[PDB]
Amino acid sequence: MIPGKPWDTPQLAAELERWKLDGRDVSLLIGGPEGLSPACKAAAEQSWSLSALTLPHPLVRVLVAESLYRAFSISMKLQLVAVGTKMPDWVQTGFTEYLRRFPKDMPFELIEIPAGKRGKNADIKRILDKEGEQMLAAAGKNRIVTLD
């Protein structure tokens, strides 16, 4: 039972090197939502913990938008105002089309705010302040609800 995140590049890249040199073939098993069968877990040479694989921040606004779509699915308008951290292409293309498929009578809109540069010794506090200025501008006089 390996602690932490053994799939993370500093650990996995070194472990793959060892697996290649060992020469034996490797199977990495992932079950469904109910998990792996006891026989699979008993056969394992290494056991990694699924719970440590957390939700990437760019998907937060995706899950929230879906939550609101579902809630509207079962005059006031709602805006999701979110910082647009870059998500993977295999999500972004699908998410743009997902939003386009919403019914026209759904009073929901996603507004994405440009994410500030987070590079070499960037001042996070001022980056956050500038994102917040743009978020509050988009919200105008609406009721403000924060999710964090």
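When you see a residue number, it is the position in the sequence shown, counting from 1.
* With respect to the recorded C-alpha B factors, which stretch has the higher mean value, 16-24 or 120-128? -> It is 120-128 that shows the higher mean C-alpha B-factor.
* **Residue range whose averaged C-alpha B-factor is higher in the record, 93-101 or 30-38** => According to the entry, 30-38 carries the higher average C-alpha B-factor.
* **Most elevated Cα B-factor in the entry, residues 68, 80, 59, 43** => That would be 43.
* Would you mind checking where the Cα B-factor of residue 63 ranks among the modelled residues of its chain, as the lowest, middle or highest third? => Lowest third of the chain for residue 63's C-alpha B-factor.
* Asked: So where's residue 111 on the chain's Cα temperature factor ranking, which third?
  -> Within its chain, residue 111 is a lowest-third residue by C-alpha B-factor, going by the deposited values.
* **Record-listed C-alpha B factor of residue 147: chain third** => As the PDB entry reports it, the C-alpha B-factor of residue 147 lands in the middle third of its chain.
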